[PDB]
Amino acid sequence: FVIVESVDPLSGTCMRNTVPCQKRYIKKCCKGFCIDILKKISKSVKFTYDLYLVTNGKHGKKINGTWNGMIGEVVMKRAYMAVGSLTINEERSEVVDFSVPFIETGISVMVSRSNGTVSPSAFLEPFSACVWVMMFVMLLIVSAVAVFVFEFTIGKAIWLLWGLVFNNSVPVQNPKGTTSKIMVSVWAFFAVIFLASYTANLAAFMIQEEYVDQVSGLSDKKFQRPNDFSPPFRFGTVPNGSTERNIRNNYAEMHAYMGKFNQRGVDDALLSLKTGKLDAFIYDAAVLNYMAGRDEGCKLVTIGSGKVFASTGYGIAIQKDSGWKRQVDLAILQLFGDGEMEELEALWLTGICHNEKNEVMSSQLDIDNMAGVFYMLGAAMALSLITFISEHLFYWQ
Amino acid sequence: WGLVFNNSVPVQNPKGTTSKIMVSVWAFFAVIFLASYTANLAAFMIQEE
Amino acid sequence: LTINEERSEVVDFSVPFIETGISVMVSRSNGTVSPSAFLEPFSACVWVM
Amino acid sequence: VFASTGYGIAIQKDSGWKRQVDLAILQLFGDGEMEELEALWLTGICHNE
Amino acid sequence: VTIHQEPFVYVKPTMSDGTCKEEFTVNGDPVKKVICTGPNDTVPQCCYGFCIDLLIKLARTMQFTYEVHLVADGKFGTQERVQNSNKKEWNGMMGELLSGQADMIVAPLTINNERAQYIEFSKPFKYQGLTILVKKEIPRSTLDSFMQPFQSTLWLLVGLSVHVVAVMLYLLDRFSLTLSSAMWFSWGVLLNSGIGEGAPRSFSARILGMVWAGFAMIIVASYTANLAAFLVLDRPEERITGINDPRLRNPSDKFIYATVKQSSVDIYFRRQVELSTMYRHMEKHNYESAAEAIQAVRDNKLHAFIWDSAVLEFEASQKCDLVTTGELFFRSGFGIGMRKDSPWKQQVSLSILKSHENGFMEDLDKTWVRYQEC
Amino acid sequence: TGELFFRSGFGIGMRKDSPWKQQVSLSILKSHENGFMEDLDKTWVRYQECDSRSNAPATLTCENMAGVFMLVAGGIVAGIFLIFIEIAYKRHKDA
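Residues numbered from 1 in each chain as written, not as in the entry; some residues may be left out. Chains lettered and ligands numbered in written order. Part of a larger assembly, values for the part shown. Heavy atoms only, no water. Residues with missing side-chain atoms left out of burial classes, pairs and counts.

Method of determination, as annotated in the archive: cryo-EM, at 6.40 Å resolution.

1. Things to note about the overall build of chain D
Selection criterion: Secondary structure follows DSSP: runs of H or I at least 4 residues long count as helices, runs of E at least 2 residues long count as strands, and numbering of each begins at the N terminus.
Helix and strand counts for chain D stand at two helices and one strand. Overall size of chain D, expressed as C-alpha extent along the three principal axes, is 45 × 30 × 15 Å.

2. Topic: the overall build of chain A
Put simply, the test is: Each radius of gyration is computed over the set of C-alpha atoms, and the globule rule expresses the reference value as 2.2 Å times the number of residues to the power 0.38.
The secondary structure content of chain A amounts to 14 helices and ten strands. Taken over the C-alpha trace, chain A has a radius of gyration of 33 Å; the compact-globule value for 397 residues is 21 Å, which it surpasses by more than 25%. Considering only C-alpha atoms, chain A reaches an extent of 105 × 45 × 40 Å along its principal axes.

3. What about the UniProt feature "transmembrane region" in chain A?
Which entries qualify depends on this criterion: UniProt positions are given in the numbering used here, feature names are shortened, and annotations may be inferred rather than shown by experiment.
UniProt tags residues 131-149, 183-198 and 370-389 of chain A as "transmembrane region". Secondary structure across residues 131-149 of chain A divides into 95% helix and 0% strand, with the first and last C-alpha atoms of the span separated by 26 Å.

4. Things to note about the interface of chain B and chain E
Inclusion rule: Contacts: residue pairs with any heavy atoms within 4.5 Å of one another. Residues are grouped as follows: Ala, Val, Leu, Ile, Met, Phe, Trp, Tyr, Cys and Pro are nonpolar; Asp, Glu, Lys and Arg are charged; all remaining types, including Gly, are polar.
Contacts between the two partners involve seven residues from chain B, matched on the other side by six residues from chain E. Of the residues assigned to the side of chain B that touches chain E, the class counts are five nonpolar, two polar and no charged.

5. What to know about the interface of chain D and chain C
Where we set the bar: Between any two strands, at least two bridges found by DSSP are needed for them to pair.
Chain D puts 14 residues into the contact, and the matching count from chain C is 16 residues. For the side of chain D that touches chain C, the element with the most residues is strand β1 (residues 2-7) of chain D, which contributes six residues. By residue class, the composition of the side of chain D that touches chain C is six nonpolar, five polar and three charged. Taken together, the four bridges between strand β1 (residues 18-22) of chain C and β1 of chain D define a ladder with antiparallel strand orientation. Looking at the pairing, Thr20 of chain C lines up with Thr5 of chain D of β1 of chain D.

6. With respect to the sheet that holds strand β4 (residues 51-52) of chain A
Residues and elements named next belong to chain A. Spatial ordering of the open sheet is given by β1-β3-β2-β4, a layout of four strands whose pairing is mixed. The open sheet has two free edges, formed respectively by β1 (3-4) and β4, since each of these has just one partner strand. Examined bridge by bridge, strand β2 (residues 19-22) and strand β3 (residues 28-31) share three bridges and lie antiparallel to one another. Bridging across to β3, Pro20 finds its partner in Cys29.

7. Details of the arrangement of the chains
Contacts between protein chains span seven pairs of chains, and they are most numerous for chains C and D. Left apart from each other, chain A and chain D have a closest C-alpha approach of 14 Å. Between chain B and chain F there is no contact; the minimum C-alpha to C-alpha separation amounts to 16 Å.

8. Considering the UniProt feature "intramembrane region" in chain A
Mapped onto this structure's residue numbering, the UniProt feature "intramembrane region" falls at residues 156-175 of chain A. As annotated, residues 156-175 of chain A comprises 50% helix and 0% strand, and the C-alpha atoms at either end are separated by 10 Å.

9. Observations concerning the sheet that holds strand β7 (residues 307-308) of chain E
All names here are of chain E. Spatial strand order, β7-β5-β9: three strands in an open sheet with antiparallel pairing. Each edge of the open sheet carries a strand with a single partner, namely β7 and β9 (329-332). Both strand β5 (residues 128-131) and β7 contribute to a ladder of two bridges, which runs antiparallel. Pairing of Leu130 across the sheet is with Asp308, part of β7.

Now the structure itself:
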């Protein structure tokens, strides 16, 4: 949202478009997009602008009786207008005048996209009951020729036709019928193409990615039940969180609990993500979109795909009933007008990570979770056991 | 060589049980050679010209 | 038009506005990889094992 | 490239604009407004080379 | 005069005394050579290249004895600011043309709008451009796959699960070998290797046959899925965006990206506005020697470099690990020295006219361009 | 479409001046502040029927799967009718 450094001592001071600001009062340059939005502001409104440092804690937020921050200085009237990007809280709104949206915003959380694929048995999912269709179908058709051989045992031969169905691999008792042999030739190339059906099925397994992890919204089974998860699911922002305060109004399962998971530092959130000691992280939504946007490597992902949580937007507020008030947001209007914001995607928004479509590749070994297909496979053991001992009951009477 | 190629050799399984496990050598291995044909076919589908 | 040597020899011309050259073109239609590229994946390892 | 070349706007031998004209071309490549002109012309919808 | 550039030319110290390696081509063409003088960092050494060859043919049209000199400074040349007196300093071989120290200095340092009003130029010898020198990573990603990257423990897990399976079949046996004929049997259900002993005819038996059947069926299927995993695969982001490159457009200390010190390309970056980023960063990062760029990539020294694009495309052969850039950046061209006025002027233009008109250019591709290894 | 084009927004009529003005603003403040917006997604937004693909995860295939194996089973009964009289060919020849 904003950028700054020390004014370059090589030339002695700032360069490029950097805008200086004093700090107790040491002038220092500032960079970043919304700064340039302020540039474009006087680029019509024509009001001189001199940047200044912020003392503590972002914008003004109610501290004891008063907002602590930039909007505090607004209450202090320390400036005609204010800069910096925070979606105005109803409180912040109720405090004093604010701007029109500079860019969209919202509540959000994020974490590292790491490991998972498609869940097990998706191969079986490709069958689409056609496996059953031709299963019973070709079964009865097999019985048909079995009867046609006149010129249990034939049932066992149908089991051989199930080897014809499944991977051959049935050594027992080829039937003498030559017409029945061509009957095997029916399932030969056909069922061969059913092995092919398994092939392309496996392709769509490899193809048709998913990229889905847990996001339930403002709460979750892993959130609305904060103490339930054996490993703690940690997501949230740093102290004095405005959006957190909204959550502090919303649900206490975190504002209560997340104080535990509470952390410090802005990028230090992404750093702890590199540590990954905590499940996830929440921060300014679109800002977080820049967090994934600037990524040394591909790890993190927004909680959700960007489905908006507490959709919002920021801007440059000023005092209640200020001078620029009316036509200011109009300057914002034209600002959206020329598309120079779309240009500012360069200046800020457009990321190197991007690829919000591309999910990359989950390729890895077979998972026990992925082996769950074989789990449901082996599950039928006790079932066939129930049928078998059931036949023993058929032998009781 | 049927063990090498797609099984499909009906004739004369050897009685050797140690030899049977010897067949088990080419079993999963050569199975993964069929897999070699698989991925091979992928690079056929993949790796355009 | 790219100035021919003739066109050049005719009279003064400009500096390049954009690159150019001789070219031909046709419809890309049908073909794949040539046959046996599957066998091409073997890389003699099929012979090795 | 077959017979690589390029076009431009020629004028008469020893014309008025002659010298600094191609210089105007030079700055023209300078600002990158040609890269913009990919829109005006060059950049294609087919693309996908 | 010029600077040693392998893609442009092959110029090494002389062989013995007035001597260089005498070799015909791989096509048997005996490519000529010539000797220019320079210090090792001021004496004659060997010089050859398809470019310099094009110089030779250039004389072969309009005859002038070709004197081979080398460059003194490292750069090509630019009108530049001195340290005092506020007087225009045209640098490099360009300055040598201001010095007139030669006839026409061959060089592929593209025609500069700055150098334009200063120095004359001809049509492009080889139409070319500049871009970012990059080196690709080494794709491997392979494994023993079905062995290695397939169900590491789980393959074994289902393995003993087959033991419990044949166990279940043995349970299905006694309600009307059992261990052993199963040790062949269900193990075959794993192998499908056709031992050929048999399978029980019990009502539950063949059902279990369908069970382990579909099981291993989907198992080998999963092996194929692994084959795709080896085949289809991420090969993650290669960056290489362009003049809009966000990593570039997002200045930080992580990526080391720059171009040559005093580079006509970096000159295209010199007069600019939005370019101010690398105009700061890369500037302090700018190495002088593009050879040091070749080795730097061989060293993986920086995260990125930039130089004449076509040149790199040639160097791409010299490096198996190189990474070509995405597209063209501000195409332009260069050639033999053009300044003041010469009878060689309109003539030389016509020489170019023959050059592209004829194929001795496209022929020379064999001498240089068409030559390819990587 | 591919991406956003010149995002902006609208709402109830706003003109001249009304006590409804700053009030209504605060109403919005509750709106996004509360979830009755996000709730209303269920009333409208969250309501969804048509699925969303990118590639063609057709893996089901059962219709076209029948589109091969079904008529193939046509080839199966082709010996029920054919291999009948064929089973009577050499047989009936020697009958």
